[PDB]
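**Student:** Converting from the sequence shown to our numbering requires adding 5 to each position, the first position being numbered 1.
The C-beta atom is built at its ideal place from N, Cα and C for all residues, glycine as well.
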Amino acid sequence: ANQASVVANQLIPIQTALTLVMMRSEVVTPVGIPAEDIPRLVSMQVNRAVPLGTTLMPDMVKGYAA
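#1: Rounded to the nearest angstrom, how far is the Cβ of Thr59 from that of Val12, given a contact under 8 Å?
#2: When DSSP labels each residue in this structure, what does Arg45 get in the three-state scheme?
#3: Might you give, ordered along the chain, the residues of its own chain that have their beta carbon closer than 8 Å to the beta carbon of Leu16, omitting 5 neighbours on each side?
#4: Identify the continuous beta strand (DSSP E) that holds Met28 and give its terminal residues.
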């Protein structure tokens, strides 16, 4: 597709609150959180560690509902 997802731009430790440096946009398979939502993710905490290059999925972010 042309649908991009949010992909971790650095290792994000468990329980870190997301900042814009941590999130890039990439076309990856499977599809994760839409790249369009990166503004809406700042300050939300991840509930597990996300290695560099991992697609951010809905279940990894605390409080995320879309």
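**Tutor:** Short version:
#1: Right, the Cβ-Cβ distance comes to about 7 Å (below 8 Å), so this counts as a contact.
#2: The three-state secondary structure of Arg45, taken from DSSP, is helix.
#3: For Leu16, where only same-chain residues beyond five positions count, the Cβ hits under 8 Å are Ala54, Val55, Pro56 and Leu57.
#4: It spans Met28 to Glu31 - the beta strand (DSSP E) in which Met28 sits, taken as one unbroken run.
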